[PDB]
There are 2 protein chains.
Amino acid sequence: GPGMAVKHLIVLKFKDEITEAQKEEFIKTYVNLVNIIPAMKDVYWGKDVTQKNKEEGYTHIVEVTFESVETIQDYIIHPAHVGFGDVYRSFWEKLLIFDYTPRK
Amino acid sequence: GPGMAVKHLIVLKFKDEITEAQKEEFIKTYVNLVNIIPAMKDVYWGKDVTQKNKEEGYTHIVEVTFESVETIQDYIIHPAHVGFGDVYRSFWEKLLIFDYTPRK
Ligand SMILES: CCCCCCCCCc1cc(O)cc(O)c1C(=O)O
Ligand SMILES: CCCCCCCCCc1cc(O)cc(O)c1C(=O)O
């Protein structure tokens with residue numbers, strides 16, 4: 001179509017002791033970044049329900065739509081993104097980061 | 001619309017010896033499954049461009065929409081899916097699978 005987009009995909013595992021209340025606060029603050037970082041055009045997330053890689057332990061997936069890899073860079077270095085890591089890095093055990101253009 | 005569908009997300013790293021042409025043939029013959037497996041509605045895929053995961057170097061991402069976890073499981077055991085997985089399993093080094101309903 002006429003618009004171009006790049007998807008920023010994050011896969012996440014929280015540390016075992018993190019509470020559901022803490023996860024909720026974490027996620028609310030993350031999705032709120034759309035009100036702070038204009039590069040972020042869409043945010044959708046979900047929790048895995050099938051546990052096909054239970055041993056690896058990733059549970060959460062977030063998809064963020066951007067116009068280009070250049071605006072993704074603006075999001076990465078935005079002070080609110082750095083600050084989110086400052087406050088919440090201690091909540092996650094591991095992450096996977098991907099940037100790609102979905103195609104058929 | 002109000003529908004509550006489920007996304008099937010696959011993240012993959014091929015073995016180092018697999019050629020680009022072989023990866024493309026794998027993807028092409030994976031997308032052909034939409035024509036064979038009733039549950040498989042659509043497929044989008046992409047190649048990661050930012051390479052941020054260090055020792056966990058997944059390269060390819062595929063997203064498939066399904067009605068439900070049950071119809072995902074239909075796709076898993078369908079003989080054309082079993083056959084695809086059987087004969088290409090030696091292609092990949094790392095594989096993660098997630099099933100989730102995207103939400104805001
Ligand atoms: C519904 C779950 C919300 C998960 C939010 C995860 C935020 C991760 C922040 C981050 C940390 C990092 O060390 C490297 C990065 O690339 C990134 C990023 O892409 O945002
Ligand atoms: C653009 C790259 C295309 C990737 C195709 C990956 C095929 C994976 C087949 C499989 C094997 C398995 O052991 C378990 C599973 O759930 C599955 C699956 O979900 O399809």
# chains A, B, ... in the order shown; residues from 1 in each chain; ligands from 1
call {"tool": "residues_near_ligand", "arguments": {"ligand": "ligand 1", "cutoff": "7 Å", "atoms": "only C-alpha atoms and all ligand atoms", "output": "VMD selection string"}}
result
chain A and resid 10 12 27 30 45 to 46 60 to 62 76 81 85 97
call {"tool": "write_last_selection", "arguments": {"atoms": "N, CA, C and O atoms", "output": "tab-separated table (two decimals), in the first residue's frame"}}
result
chain	number	residue	atom	x	y	z
A	10	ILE	N	9.34	-7.02	20.28
A	10	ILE	CA	10.06	-7.35	21.50
A	10	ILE	C	9.42	-8.58	22.13
A	10	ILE	O	8.19	-8.63	22.28
A	12	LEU	N	9.74	-10.95	25.64
A	12	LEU	CA	10.22	-10.67	26.98
A	12	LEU	C	9.87	-11.78	27.96
A	12	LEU	O	8.81	-12.40	27.88
A	27	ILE	N	3.76	-2.65	32.09
A	27	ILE	CA	3.15	-2.61	30.76
A	27	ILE	C	2.41	-1.29	30.55
A	27	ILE	O	2.49	-0.70	29.47
A	30	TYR	N	4.97	1.24	29.73
A	30	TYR	CA	5.54	1.05	28.41
A	30	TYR	C	4.58	1.53	27.32
A	30	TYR	O	4.97	2.31	26.43
A	45	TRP	N	0.21	-5.69	22.25
A	45	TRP	CA	0.97	-6.69	22.97
A	45	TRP	C	0.08	-7.87	23.33
A	45	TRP	O	-1.14	-7.81	23.24
A	46	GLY	N	0.73	-8.96	23.72
A	46	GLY	CA	-0.02	-10.11	24.17
A	46	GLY	C	0.84	-11.01	25.03
A	46	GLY	O	2.07	-10.89	25.07
A	60	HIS	N	5.85	-12.65	27.04
A	60	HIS	CA	5.21	-11.45	26.53
A	60	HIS	C	5.80	-11.03	25.20
A	60	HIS	O	7.01	-11.09	24.99
A	61	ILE	N	4.91	-10.57	24.32
A	61	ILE	CA	5.26	-10.10	22.99
A	61	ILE	C	4.65	-8.72	22.80
A	61	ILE	O	3.46	-8.52	23.07
A	62	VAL	N	5.44	-7.77	22.32
A	62	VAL	CA	4.90	-6.46	21.95
A	62	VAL	C	5.36	-6.11	20.54
A	62	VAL	O	6.51	-6.35	20.16
A	76	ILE	N	14.72	4.60	20.30
A	76	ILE	CA	15.70	3.92	21.14
A	76	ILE	C	16.45	4.92	22.01
A	76	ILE	O	16.70	4.68	23.20
A	81	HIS	N	12.78	6.53	26.69
A	81	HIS	CA	13.11	5.12	26.49
A	81	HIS	C	14.31	4.72	27.34
A	81	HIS	O	14.30	3.67	28.00
A	85	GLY	N	14.21	2.07	30.73
A	85	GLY	CA	15.21	1.07	31.09
A	85	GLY	C	15.81	1.33	32.45
A	85	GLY	O	15.97	0.41	33.26
A	97	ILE	N	14.95	-8.61	20.59
A	97	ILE	CA	14.57	-7.42	19.84
A	97	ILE	C	14.67	-7.73	18.35
A	97	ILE	O	15.70	-8.24	17.90
call {"tool": "residues_around", "arguments": {"residues": "residue 59 (chain B)", "least_positions_apart": "3", "cutoff": "12 Å", "atoms": "only C-alpha atoms", "output": "JSON, numbers by chain"}}
result
{"A": [96, 97, 98, 99, 100], "B": [10, 11, 12, 13, 14, 15, 16, 20, 23, 45, 46, 47, 48, 49, 50, 51, 52, 53, 54, 55, 56, 62, 92, 93, 94, 95, 96]}
call {"tool": "calpha_fit_and_write", "arguments": {"fixed": "chain B", "moving": "chain A", "output": "compact mmCIF listing (two decimals) with N, CA, C and O atoms, in the first residue's frame"}}
result
# COMPACT_ATOMS: atom_id res chain seq x y z
N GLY A 1 -12.96 -5.65 17.96
CA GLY A 1 -13.91 -5.73 16.82
C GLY A 1 -14.68 -7.03 16.85
O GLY A 1 -14.57 -7.79 17.82
N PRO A 2 -15.46 -7.31 15.80
CA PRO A 2 -16.31 -8.52 15.83
C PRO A 2 -15.56 -9.83 15.69
O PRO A 2 -16.03 -10.84 16.22
N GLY A 3 -14.46 -9.87 14.96
CA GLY A 3 -13.73 -11.11 14.78
C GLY A 3 -12.77 -11.37 15.92
O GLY A 3 -12.20 -10.46 16.51
N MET A 4 -12.58 -12.65 16.22
CA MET A 4 -11.58 -13.05 17.20
C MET A 4 -10.44 -13.72 16.46
O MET A 4 -10.64 -14.35 15.41
N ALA A 5 -9.24 -13.52 16.97
CA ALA A 5 -8.06 -14.07 16.34
C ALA A 5 -7.02 -14.36 17.40
O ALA A 5 -7.02 -13.76 18.48
N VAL A 6 -6.16 -15.31 17.09
CA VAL A 6 -4.99 -15.63 17.88
C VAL A 6 -3.81 -15.61 16.93
O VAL A 6 -3.91 -16.12 15.81
N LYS A 7 -2.73 -14.97 17.35
CA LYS A 7 -1.53 -14.90 16.54
C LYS A 7 -0.57 -16.02 16.93
O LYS A 7 -0.28 -16.21 18.12
N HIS A 8 -0.09 -16.73 15.93
CA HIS A 8 0.96 -17.74 16.06
C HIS A 8 2.24 -17.09 15.53
O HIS A 8 2.34 -16.78 14.34
N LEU A 9 3.20 -16.86 16.43
CA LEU A 9 4.45 -16.18 16.12
C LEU A 9 5.59 -17.18 16.20
O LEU A 9 5.71 -17.90 17.20
N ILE A 10 6.41 -17.23 15.16
CA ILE A 10 7.59 -18.09 15.13
C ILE A 10 8.81 -17.22 14.89
O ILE A 10 8.82 -16.38 13.97
N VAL A 11 9.84 -17.41 15.71
CA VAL A 11 11.15 -16.79 15.56
C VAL A 11 12.13 -17.89 15.22
O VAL A 11 12.14 -18.94 15.87
N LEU A 12 12.98 -17.65 14.22
CA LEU A 12 13.80 -18.73 13.68
C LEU A 12 15.22 -18.28 13.40
O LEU A 12 15.48 -17.15 12.98
N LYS A 13 16.15 -19.22 13.61
CA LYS A 13 17.53 -19.11 13.18
C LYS A 13 17.85 -20.29 12.27
O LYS A 13 17.66 -21.45 12.66
N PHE A 14 18.32 -20.00 11.06
CA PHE A 14 18.77 -21.05 10.17
C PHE A 14 20.17 -21.50 10.56
O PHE A 14 20.97 -20.72 11.10
N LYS A 15 20.49 -22.75 10.24
CA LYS A 15 21.87 -23.18 10.39
C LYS A 15 22.78 -22.35 9.50
O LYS A 15 22.40 -21.89 8.42
N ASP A 16 24.03 -22.19 9.96
CA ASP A 16 24.94 -21.24 9.32
C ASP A 16 25.22 -21.58 7.86
O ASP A 16 25.45 -20.67 7.05
N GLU A 17 25.23 -22.86 7.50
CA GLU A 17 25.61 -23.25 6.14
C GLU A 17 24.47 -23.18 5.14
O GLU A 17 24.72 -23.35 3.93
N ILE A 18 23.24 -22.95 5.60
CA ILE A 18 22.08 -22.88 4.71
C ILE A 18 22.25 -21.68 3.78
O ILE A 18 22.60 -20.58 4.21
N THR A 19 22.01 -21.90 2.48
CA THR A 19 22.20 -20.85 1.50
C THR A 19 20.96 -19.96 1.45
O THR A 19 19.88 -20.33 1.92
N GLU A 20 21.12 -18.77 0.87
CA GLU A 20 19.95 -17.91 0.64
C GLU A 20 18.95 -18.59 -0.28
O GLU A 20 17.73 -18.46 -0.09
N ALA A 21 19.45 -19.31 -1.29
CA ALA A 21 18.56 -20.06 -2.18
C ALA A 21 17.74 -21.08 -1.39
O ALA A 21 16.53 -21.23 -1.63
N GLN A 22 18.38 -21.78 -0.46
CA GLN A 22 17.67 -22.73 0.38
C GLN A 22 16.65 -22.04 1.27
O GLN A 22 15.53 -22.54 1.45
N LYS A 23 17.03 -20.91 1.88
CA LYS A 23 16.07 -20.17 2.69
C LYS A 23 14.86 -19.77 1.86
O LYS A 23 13.72 -19.88 2.33
N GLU A 24 15.09 -19.31 0.63
CA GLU A 24 13.98 -18.92 -0.24
C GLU A 24 13.04 -20.10 -0.50
O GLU A 24 11.82 -19.94 -0.43
N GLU A 25 13.59 -21.28 -0.78
CA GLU A 25 12.75 -22.45 -1.02
C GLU A 25 11.96 -22.82 0.23
O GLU A 25 10.75 -23.10 0.17
N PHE A 26 12.64 -22.85 1.37
CA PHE A 26 12.01 -23.07 2.67
C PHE A 26 10.84 -22.12 2.90
O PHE A 26 9.74 -22.55 3.25
N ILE A 27 11.07 -20.82 2.71
CA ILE A 27 10.04 -19.84 3.01
C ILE A 27 8.88 -19.95 2.02
O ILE A 27 7.71 -19.88 2.41
N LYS A 28 9.19 -20.12 0.73
CA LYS A 28 8.12 -20.29 -0.26
C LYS A 28 7.23 -21.47 0.10
O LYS A 28 6.00 -21.38 0.02
N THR A 29 7.83 -22.58 0.51
CA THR A 29 7.05 -23.76 0.85
C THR A 29 6.26 -23.54 2.13
O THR A 29 5.10 -23.97 2.23
N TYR A 30 6.83 -22.82 3.11
CA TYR A 30 6.09 -22.55 4.33
C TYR A 30 4.88 -21.66 4.06
O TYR A 30 3.75 -21.98 4.47
N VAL A 31 5.07 -20.54 3.35
CA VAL A 31 3.94 -19.63 3.15
C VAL A 31 2.90 -20.28 2.25
O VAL A 31 1.71 -19.94 2.34
N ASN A 32 3.30 -21.23 1.40
CA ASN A 32 2.35 -21.96 0.58
C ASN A 32 1.40 -22.82 1.40
O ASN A 32 0.36 -23.24 0.88
N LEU A 33 1.72 -23.10 2.66
CA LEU A 33 0.83 -23.91 3.47
C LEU A 33 -0.55 -23.29 3.58
O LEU A 33 -1.52 -24.00 3.89
N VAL A 34 -0.69 -21.99 3.34
CA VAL A 34 -2.02 -21.40 3.38
C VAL A 34 -2.93 -22.04 2.33
O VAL A 34 -4.16 -22.03 2.47
N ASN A 35 -2.34 -22.59 1.25
CA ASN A 35 -3.10 -23.25 0.19
C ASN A 35 -3.38 -24.70 0.50
O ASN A 35 -3.95 -25.42 -0.35
N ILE A 36 -2.96 -25.16 1.67
CA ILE A 36 -3.09 -26.54 2.07
C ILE A 36 -3.83 -26.67 3.39
O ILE A 36 -4.69 -27.54 3.54
N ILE A 37 -3.53 -25.80 4.35
CA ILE A 37 -4.07 -25.87 5.70
C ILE A 37 -5.07 -24.73 5.87
O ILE A 37 -4.67 -23.58 6.06
N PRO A 38 -6.37 -25.00 5.81
CA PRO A 38 -7.33 -23.89 5.79
C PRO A 38 -7.33 -23.07 7.07
O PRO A 38 -7.70 -21.90 7.03
N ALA A 39 -6.91 -23.65 8.19
CA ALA A 39 -6.85 -22.88 9.43
C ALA A 39 -5.98 -21.63 9.30
O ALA A 39 -6.20 -20.66 10.03
N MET A 40 -4.98 -21.63 8.41
CA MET A 40 -4.04 -20.51 8.33
C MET A 40 -4.68 -19.35 7.58
O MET A 40 -4.87 -19.43 6.36
N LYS A 41 -4.99 -18.25 8.28
CA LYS A 41 -5.77 -17.19 7.64
C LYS A 41 -4.91 -16.11 6.99
O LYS A 41 -5.31 -15.53 5.97
N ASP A 42 -3.78 -15.78 7.62
CA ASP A 42 -2.83 -14.80 7.13
C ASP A 42 -1.43 -15.32 7.42
O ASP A 42 -1.20 -15.92 8.47
N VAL A 43 -0.47 -14.99 6.55
CA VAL A 43 0.94 -15.21 6.89
C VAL A 43 1.75 -14.00 6.46
O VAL A 43 1.75 -13.64 5.28
N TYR A 44 2.46 -13.38 7.40
CA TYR A 44 3.39 -12.29 7.13
C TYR A 44 4.72 -12.64 7.79
O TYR A 44 4.74 -13.15 8.92
N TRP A 45 5.82 -12.35 7.11
CA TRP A 45 7.12 -12.65 7.69
C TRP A 45 8.09 -11.51 7.40
O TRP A 45 7.84 -10.64 6.57
N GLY A 46 9.20 -11.54 8.12
CA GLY A 46 10.24 -10.56 7.88
C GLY A 46 11.57 -11.04 8.40
O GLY A 46 11.66 -11.99 9.18
N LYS A 47 12.61 -10.35 7.95
CA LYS A 47 13.97 -10.60 8.40
C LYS A 47 14.44 -9.44 9.27
O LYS A 47 14.30 -8.27 8.89
N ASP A 48 14.98 -9.77 10.44
CA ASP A 48 15.48 -8.75 11.34
C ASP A 48 16.61 -7.96 10.69
O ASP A 48 17.49 -8.54 10.04
N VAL A 49 16.60 -6.64 10.87
CA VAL A 49 17.63 -5.80 10.27
C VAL A 49 18.57 -5.16 11.28
O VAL A 49 19.60 -4.61 10.88
N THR A 50 18.27 -5.23 12.58
CA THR A 50 19.04 -4.49 13.57
C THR A 50 20.04 -5.35 14.34
O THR A 50 21.04 -4.82 14.84
N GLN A 51 19.80 -6.65 14.45
CA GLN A 51 20.76 -7.57 15.08
C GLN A 51 21.05 -7.20 16.53
O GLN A 51 22.18 -7.30 17.00
N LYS A 52 20.00 -6.83 17.26
CA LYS A 52 20.16 -6.45 18.67
C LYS A 52 20.54 -7.64 19.55
O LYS A 52 21.13 -7.45 20.62
N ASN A 53 20.17 -8.86 19.15
CA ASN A 53 20.59 -10.07 19.85
C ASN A 53 21.39 -10.94 18.89
O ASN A 53 21.03 -12.09 18.61
N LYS A 54 22.46 -10.37 18.33
CA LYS A 54 23.22 -11.08 17.30
C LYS A 54 23.76 -12.40 17.83
O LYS A 54 23.82 -13.39 17.09
N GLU A 55 24.15 -12.44 19.10
CA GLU A 55 24.75 -13.66 19.64
C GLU A 55 23.74 -14.81 19.65
O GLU A 55 24.11 -15.96 19.39
N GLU A 56 22.47 -14.52 19.92
CA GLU A 56 21.46 -15.58 19.90
C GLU A 56 21.17 -16.01 18.47
O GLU A 56 20.90 -17.19 18.21
N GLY A 57 21.19 -15.07 17.54
CA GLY A 57 21.28 -15.40 16.13
C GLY A 57 19.97 -15.54 15.39
O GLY A 57 20.00 -15.80 14.18
N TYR A 58 18.83 -15.39 16.06
CA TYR A 58 17.55 -15.41 15.36
C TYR A 58 17.50 -14.30 14.31
O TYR A 58 17.88 -13.16 14.58
N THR A 59 16.99 -14.64 13.12
CA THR A 59 16.95 -13.70 12.01
C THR A 59 15.57 -13.53 11.39
O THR A 59 15.28 -12.50 10.77
N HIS A 60 14.72 -14.55 11.50
CA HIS A 60 13.44 -14.54 10.80
C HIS A 60 12.27 -14.62 11.76
O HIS A 60 12.31 -15.35 12.75
N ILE A 61 11.23 -13.86 11.43
CA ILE A 61 10.00 -13.80 12.21
C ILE A 61 8.83 -14.05 11.26
O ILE A 61 8.75 -13.43 10.19
N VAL A 62 7.92 -14.93 11.65
CA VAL A 62 6.69 -15.12 10.89
C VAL A 62 5.50 -15.03 11.83
O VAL A 62 5.53 -15.54 12.96
N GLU A 63 4.46 -14.32 11.38
CA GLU A 63 3.22 -14.14 12.11
C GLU A 63 2.10 -14.79 11.32
O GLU A 63 1.89 -14.45 10.15
N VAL A 64 1.39 -15.72 11.94
CA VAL A 64 0.28 -16.41 11.28
C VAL A 64 -0.98 -16.16 12.10
O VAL A 64 -1.01 -16.42 13.31
N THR A 65 -2.03 -15.67 11.44
CA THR A 65 -3.29 -15.39 12.11
C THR A 65 -4.22 -16.59 12.04
O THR A 65 -4.42 -17.16 10.96
N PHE A 66 -4.79 -16.96 13.19
CA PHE A 66 -5.75 -18.05 13.30
C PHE A 66 -7.01 -17.58 14.01
O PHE A 66 -7.00 -16.60 14.76
N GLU A 67 -8.09 -18.34 13.84
CA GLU A 67 -9.34 -18.00 14.52
C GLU A 67 -9.29 -18.31 16.01
O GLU A 67 -9.88 -17.57 16.81
N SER A 68 -8.58 -19.36 16.42
CA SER A 68 -8.60 -19.80 17.81
C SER A 68 -7.41 -20.71 18.07
O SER A 68 -6.78 -21.20 17.14
N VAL A 69 -7.17 -21.00 19.35
CA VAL A 69 -6.12 -21.98 19.66
C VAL A 69 -6.50 -23.36 19.14
O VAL A 69 -5.62 -24.19 18.88
N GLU A 70 -7.80 -23.63 19.00
CA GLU A 70 -8.21 -24.93 18.48
C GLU A 70 -7.83 -25.09 17.01
O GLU A 70 -7.43 -26.17 16.58
N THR A 71 -7.97 -24.02 16.21
CA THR A 71 -7.54 -24.16 14.82
C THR A 71 -6.02 -24.15 14.72
O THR A 71 -5.46 -24.73 13.79
N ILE A 72 -5.32 -23.50 15.67
CA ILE A 72 -3.86 -23.62 15.69
C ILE A 72 -3.46 -25.08 15.88
O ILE A 72 -2.54 -25.58 15.22
N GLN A 73 -4.17 -25.79 16.77
CA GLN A 73 -3.87 -27.20 16.96
C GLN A 73 -4.08 -27.98 15.67
O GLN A 73 -3.28 -28.86 15.34
N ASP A 74 -5.14 -27.66 14.92
CA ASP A 74 -5.38 -28.33 13.64
C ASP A 74 -4.21 -28.12 12.69
O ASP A 74 -3.83 -29.03 11.95
N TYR A 75 -3.65 -26.91 12.67
CA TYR A 75 -2.48 -26.64 11.86
C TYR A 75 -1.27 -27.44 12.33
O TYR A 75 -0.55 -28.02 11.51
N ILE A 76 -1.06 -27.52 13.64
CA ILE A 76 0.12 -28.20 14.16
C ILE A 76 0.12 -29.67 13.75
O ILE A 76 1.16 -30.22 13.37
N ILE A 77 -1.04 -30.33 13.85
CA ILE A 77 -1.11 -31.76 13.58
C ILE A 77 -1.49 -32.06 12.14
O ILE A 77 -1.64 -33.24 11.77
N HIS A 78 -1.67 -31.05 11.31
CA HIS A 78 -1.98 -31.31 9.91
C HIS A 78 -0.84 -32.09 9.27
O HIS A 78 0.34 -31.80 9.54
N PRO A 79 -1.13 -33.09 8.43
CA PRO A 79 -0.02 -33.85 7.82
C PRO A 79 0.96 -32.98 7.04
O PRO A 79 2.15 -33.33 6.97
N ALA A 80 0.50 -31.89 6.43
CA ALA A 80 1.42 -31.03 5.69
C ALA A 80 2.35 -30.28 6.64
O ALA A 80 3.48 -29.95 6.26
N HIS A 81 1.89 -29.98 7.85
CA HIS A 81 2.77 -29.35 8.83
C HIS A 81 3.79 -30.35 9.37
O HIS A 81 4.98 -30.04 9.47
N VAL A 82 3.34 -31.57 9.69
CA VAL A 82 4.28 -32.63 10.05
C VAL A 82 5.27 -32.87 8.91
O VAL A 82 6.48 -33.02 9.13
N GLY A 83 4.78 -32.89 7.67
CA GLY A 83 5.65 -33.14 6.54
C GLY A 83 6.64 -32.02 6.29
O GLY A 83 7.79 -32.27 5.90
N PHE A 84 6.22 -30.78 6.50
CA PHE A 84 7.15 -29.65 6.42
C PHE A 84 8.32 -29.86 7.38
O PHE A 84 9.49 -29.66 7.02
N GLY A 85 8.02 -30.26 8.61
CA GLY A 85 9.09 -30.57 9.55
C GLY A 85 9.94 -31.73 9.09
O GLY A 85 11.17 -31.68 9.17
N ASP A 86 9.30 -32.79 8.57
CA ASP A 86 10.06 -33.93 8.06
C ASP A 86 11.15 -33.47 7.09
O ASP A 86 12.31 -33.88 7.20
N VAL A 87 10.79 -32.60 6.14
CA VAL A 87 11.72 -32.24 5.07
C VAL A 87 12.65 -31.11 5.47
O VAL A 87 13.80 -31.07 5.02
N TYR A 88 12.20 -30.17 6.31
CA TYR A 88 12.94 -28.93 6.54
C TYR A 88 13.44 -28.71 7.96
O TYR A 88 14.13 -27.71 8.21
N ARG A 89 13.15 -29.61 8.90
CA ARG A 89 13.67 -29.44 10.25
C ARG A 89 15.19 -29.30 10.24
O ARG A 89 15.75 -28.54 11.04
N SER A 90 15.86 -29.99 9.32
CA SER A 90 17.32 -29.92 9.28
C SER A 90 17.83 -28.54 8.88
O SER A 90 19.04 -28.30 8.99
N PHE A 91 16.96 -27.63 8.44
CA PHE A 91 17.43 -26.31 8.04
C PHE A 91 17.57 -25.34 9.20
O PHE A 91 18.30 -24.35 9.09
N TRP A 92 16.82 -25.53 10.29
CA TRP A 92 16.84 -24.54 11.36
C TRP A 92 17.71 -25.00 12.52
O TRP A 92 17.79 -26.20 12.82
N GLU A 93 18.40 -24.04 13.13
CA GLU A 93 19.18 -24.27 14.33
C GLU A 93 18.33 -24.14 15.58
O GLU A 93 18.45 -24.94 16.51
N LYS A 94 17.45 -23.15 15.62
CA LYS A 94 16.55 -23.07 16.74
C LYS A 94 15.34 -22.24 16.37
O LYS A 94 15.33 -21.50 15.38
N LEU A 95 14.29 -22.44 17.17
CA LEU A 95 13.01 -21.80 17.00
C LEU A 95 12.51 -21.32 18.36
O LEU A 95 12.90 -21.85 19.40
N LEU A 96 11.62 -20.33 18.31
CA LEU A 96 10.75 -19.96 19.42
C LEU A 96 9.33 -19.88 18.88
O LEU A 96 9.12 -19.32 17.80
N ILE A 97 8.38 -20.46 19.61
CA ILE A 97 6.97 -20.52 19.22
C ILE A 97 6.15 -19.78 20.27
O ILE A 97 6.30 -20.03 21.47
N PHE A 98 5.23 -18.91 19.81
CA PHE A 98 4.33 -18.20 20.71
C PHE A 98 2.93 -18.20 20.13
O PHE A 98 2.74 -18.15 18.91
N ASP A 99 1.94 -18.26 21.01
CA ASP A 99 0.54 -18.10 20.63
C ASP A 99 -0.09 -17.10 21.59
O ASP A 99 -0.05 -17.32 22.80
N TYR A 100 -0.67 -16.03 21.05
CA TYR A 100 -1.19 -14.99 21.92
C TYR A 100 -2.23 -14.17 21.18
O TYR A 100 -2.25 -14.10 19.95
N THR A 101 -3.11 -13.56 21.96
CA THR A 101 -4.08 -12.62 21.43
C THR A 101 -3.54 -11.21 21.63
O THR A 101 -3.34 -10.79 22.78
N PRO A 102 -3.24 -10.47 20.56
CA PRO A 102 -2.72 -9.11 20.75
C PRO A 102 -3.82 -8.21 21.26
O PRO A 102 -4.97 -8.30 20.83
N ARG A 103 -3.46 -7.34 22.20
CA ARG A 103 -4.40 -6.41 22.78
C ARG A 103 -3.68 -5.10 23.06
O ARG A 103 -2.45 -5.03 23.08
N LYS A 104 -4.47 -4.06 23.30
CA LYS A 104 -3.91 -2.75 23.61
C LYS A 104 -3.70 -2.57 25.11
O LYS A 104 -2.84 -1.79 25.52
call {"tool": "select_by_dssp", "arguments": {"residues": "region 18-53 of chain A", "states": "strand (DSSP E or B)", "output": "PyMOL selection string"}}
result
chain A and resi 42-47
